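Coordinate analysis (summary)
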Amino acid sequence: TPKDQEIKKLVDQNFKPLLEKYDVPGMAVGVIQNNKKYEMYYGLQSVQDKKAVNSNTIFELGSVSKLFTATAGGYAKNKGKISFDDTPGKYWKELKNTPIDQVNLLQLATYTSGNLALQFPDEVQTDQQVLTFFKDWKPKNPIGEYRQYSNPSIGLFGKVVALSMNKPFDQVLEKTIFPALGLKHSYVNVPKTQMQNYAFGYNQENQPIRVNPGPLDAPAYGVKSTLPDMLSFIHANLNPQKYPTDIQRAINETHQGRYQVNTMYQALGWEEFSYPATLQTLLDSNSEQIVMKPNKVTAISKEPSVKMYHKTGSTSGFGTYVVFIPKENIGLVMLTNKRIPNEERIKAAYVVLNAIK
Ligand SMILES: *[B]([O])([O])[C]([C]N1[C]=C(C([O])=O)N=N1)[N]C(=O)[C]SC1=NN=C([N])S1
């Protein structure tokens, strides 16, 4: 049996059943193998409109947006606009000589400030309130020693990256990073002319919704993209030597592991693992303990010879999973317009990628 003919069958067997299981209106699953793209579309981007999911459908990426923030940081570092040893007050002058100005940019990007939780407080909304939050910040855990997964943390990193490139963060992605990556329909702000392609998300009561504005939302969870674009992004991560040298350096930078929390290596944005990874290793990265709680980190001891990378992302109405394995030249993207459990996304991708080899 010609093996490429099995990719569609494998994705049908492992991803399609999730639509009925979780009452998901629409899903887009892509595989890239040996530079060939496979795109599988299911269901509806809009229930009320009876509009089909296809290659023009725009989905919210949720925390997979952090991978573009990381790539923007790697790009600015290669242009010499920042050093990861700098502190945020070098760029956001109102933070200079405040306690947060003891945390360096790598520590912000990789969640080890020692006192930043997953979300800003609900009452922090305006730019002024965001600044006040960081000026009022005081340490808790020893800086650099504890990982607590955090939108404020990588959000501040993103704001600093934009300051170093003298452009607002949305313009850094839309005018510099996305074009260098060859993405055609990736947005921080979806323009009027693409709104008809923007899927509705659906909440747990199946009501149609889209992501709401929030503080430093764009660098933490505010990018929207299509399946073809996300496959191109995976392609760039699988083969950065084909891309312009500056974006090539940026991508490499996001692949470097910085520290570990047992079997999970924290890279810039990406989570990294020894390949082959056990299923439970991949599931653990999304455990309550790793996602919601502080964990003391360690230095990398085992430097994986062959690596794989992944990232989950969610908004209230959307689920995302991306995973790639350089030495197998394969990767996978899943986009849904209703959240489904992280472990389902990870497991389905594991079965598919293992069966293709
Ligand atoms: B990110 O996706 O990791 C991040 C945090 N997170 C984790 C999960 C999970 O485990 O299901 N869900 N969220 N995502 C966000 O912070 C999204 S914030 C918002 N999403 N929709 C809004 N209207 S605000």
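Residues numbered from 1 in each chain as written, not as in the entry; some residues may be left out. Heavy atoms only, no water. Residues with missing side-chain atoms left out of burial classes, pairs and counts.

As deposited, the entry is annotated with X-ray crystallography as its determination method and 1.53 Å as its resolution.

The name given to the protein in the PDB entry is Beta-lactamase, and the organism recorded there is Acinetobacter baumannii. The record deposited in the PDB is entitled "ADC-7 in complex with boronic acid transition state inhibitor MB076". Under the heading Sequence similarities (unreviewed entry), UniProt records this for the protein: "Belongs to the class-C beta-lactamase family." (UniProt positions renumbered as here; feature names shortened; annotations may be inferred.)

**Examining helix α13 (residues 342–356)**
An ideal rise of 1.5 Å per residue puts 21 Å on 15 residues; α13 measures up with 22 Å between its terminal C-alpha atoms. Following α13 by one or two positions, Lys 357 has its phi on the positive side, about 75°. (Helix = DSSP H or I, 4+ residues; strand = E, 2+ residues; numbered from the N terminus. Expected span 1.5 Å × (residues − 1).)

**Quick notes on the pairing of strand β2 (residues 36–46)**
Across 8 bridges, the pairing between strand β1 (residues 26–33) and β2 is antiparallel. Among the inter-strand pairings, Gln 33 is bridged to a residue of β2, identified as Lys 36. Between β1 and β2, which pair antiparallel in sequence order, lie 2 residues; one of them, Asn 34, sits at a positive phi of approximately 60°. As paired elements, β2 and strand β3 (residues 51–52) share 2 bridges and run antiparallel to each other. The residue of β3 that forms the bridge with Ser 46 is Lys 51. Linking β2 to β3, which pair antiparallel, is a turn of 4 residues; within it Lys 50 sits at a positive phi near 50°. (Pairing = 2+ DSSP bridges.)

**What to know about the site of the ligand**
What surrounds the ligand is a group of 15 residues, the closest being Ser 63, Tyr 149, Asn 151, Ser 314 and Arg 339. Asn 342 places a polar side-chain atom, nitrogen or oxygen, 3.0 Å from an oxygen atom of the ligand. Looking at the shell around the ligand, the element that brings in the most residues is strand β13 (residues 307–315), giving 3 residues. Looking at the shell around the ligand, its residues break down into 4 nonpolar, 9 polar and 2 charged. (Near = heavy atom within 4 Å. Polar contact = N/O pair within 3.5 Å; in protein donor to acceptor, adjacent residues only side chain to side chain. Nonpolar A, V, L, I, M, F, W, Y, C, P; charged D, E, K, R; others polar.)

**Here we look at unusual backbone geometry**
Between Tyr 275 and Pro 276 the backbone carries a cis peptide bond, its omega angle lying at 0°. Structurally, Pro 276 can be placed in the loop between β11 (271–274) and α11 (279–284). Even without a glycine there, the phi angle at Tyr 111 is positive, about 75°. Of note, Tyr 111 is situated in the loop between α4 (105–109) and α5 (127–135). The exposure class of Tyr 111 is buried, given its relative accessible area of 3%. Despite not being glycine, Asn 262 shows a phi value in the positive range, around 40°. Mapped onto the elements, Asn 262 comes out in the loop between β9 (259–261) and β10 (264–266). (Buried < 20%, exposed > 50% of the residue type's maximum accessible area, 1.4 Å probe, protein only.)

**Examining the sheet that holds β3**
An order of β3-β2-β1-β15-β14-β13-β11-β10-β9 is seen for the 9 strands of this open sheet, with the pairing classed as antiparallel. Two strands close off the open sheet at either side, each with one partner strand: β3 and β9.

**Looking at the nonpolar core**
Judged by nonpolar contacts, the single largest core of 77 residues is most densely connected at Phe 68, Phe 134, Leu 173, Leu 181, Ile 247 and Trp 270. Here this core takes 7 residues from helix α9 (residues 227–238), the largest share from any one element. Of all hydrophobic cores here, the second largest spans 36 residues; its members include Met 27, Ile 325, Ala 348 and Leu 353. (Core = buried A, V, L, I, M, F, W, Y, C linked by side-chain atoms within 4.5 Å.)

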